[PDB]
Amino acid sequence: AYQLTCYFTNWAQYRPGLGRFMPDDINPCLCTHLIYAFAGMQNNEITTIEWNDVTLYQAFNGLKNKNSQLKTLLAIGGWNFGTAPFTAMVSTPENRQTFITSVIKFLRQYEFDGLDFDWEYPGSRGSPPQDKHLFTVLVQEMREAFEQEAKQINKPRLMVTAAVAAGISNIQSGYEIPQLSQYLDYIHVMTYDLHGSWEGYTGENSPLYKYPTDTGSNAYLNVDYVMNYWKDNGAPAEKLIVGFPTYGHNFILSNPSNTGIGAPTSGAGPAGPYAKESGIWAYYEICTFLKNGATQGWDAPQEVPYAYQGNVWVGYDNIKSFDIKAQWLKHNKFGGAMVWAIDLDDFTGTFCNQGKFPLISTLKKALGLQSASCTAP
């Protein structure tokens, strides 16, 4: 009935000490689908990007030995990858053919159940206007090559899914929604990074509803607006997967006296000691900040927490907000939840004193998957 899709990132292995996260750290009963971020591309063919990716693939796909129902996908692209290889690859039927062949081969060789396209984004960040429609052609041709490959080797079809924009402008210049929706198995909407320090004021990473003071285009930066846009503009509810972030965005306050939503800010907040990401803290890093006696807030209109101390403020998601969004997604009949990322939840259980994978476990319980079988073949 609901999917729970979880991204695993292949650079989490480089975090120090308790933050290091490898495929073996994934509980195979937790998610219904796991997505490996990221593969890359070289002369129009899918390829690995870390020296040890093949060893990781093996361990990641090997979790399917513990839970025969689990599916895995490989994600290509992401933020840093940009758009240039995608633009060149989609630009001719030959480049597309080259790529699609490389993928069926890669995916079968290392035992993935599908590909998740994370092009960020067709039509933006240097990608020319023709890419909007070329992305559709790619996806159609891929879905079709998958259909024919399943008939000519008699196994179930590889899946094709896509992680897609939450920005209205990015959506508009990027996607033929009705057509994409025909050929994609799932649509993973990146409903997070909806606010952050680049804006110059405090704001939530992934608020469910708008702030009562949000007007004009600021009224579009919430999960409700974004998922309703996708749905009303042609995507079937059941293929639409709501993104949930297991991290939050932090800011430097311009005035440690003004600590509400919309308070002015002077820049990104500090990198955490584990993910080392400027302007971002993993949920387990934020739990450290809370133990440190940060003042806890609740943004009641948008249903998400925030916290602050001295001149550092952070808006994030906790068990409460994840539960609330998960009830909402069920009421609205979406297909399920996607989580970025499994390595940013409190996976050891030792930072938050809420059990192992508190955030993602909340979703497993709320989406009624507590009883999902976890048995080998």
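For every residue, the number given is its place in the sequence shown, counted from 1.
Averaged over CA atoms, B-factors in the entry run higher in 261-269 than in the other of 261-269 and 117-125. Mean C-alpha B-factor is higher over 149-157 than over the other stretch, the pair under comparison being 181-189 and 149-157. Comparing the listed residues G167, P301, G243, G77, the entry records the largest Cα B-factor for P301. Residue-level inspection of the entry shows that, of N61, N318, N332, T55, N332 has the top Cα B-factor. Ranked by Cα temperature factor within the chain, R15 sits in the lowest third according to the deposited record. The deposited CA B-factor of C352 belongs to the highest third of values across its chain. In the deposited entry, the Cα temperature factor of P212 sits in the top third of values across the chain's modelled residues. Looking at the C-alpha B-factors along this chain, the one for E285 belongs to the lowest third. For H249, the recorded CA B-factor ranks within the lowest third of the chain. Only modelled residues enter the ranking.
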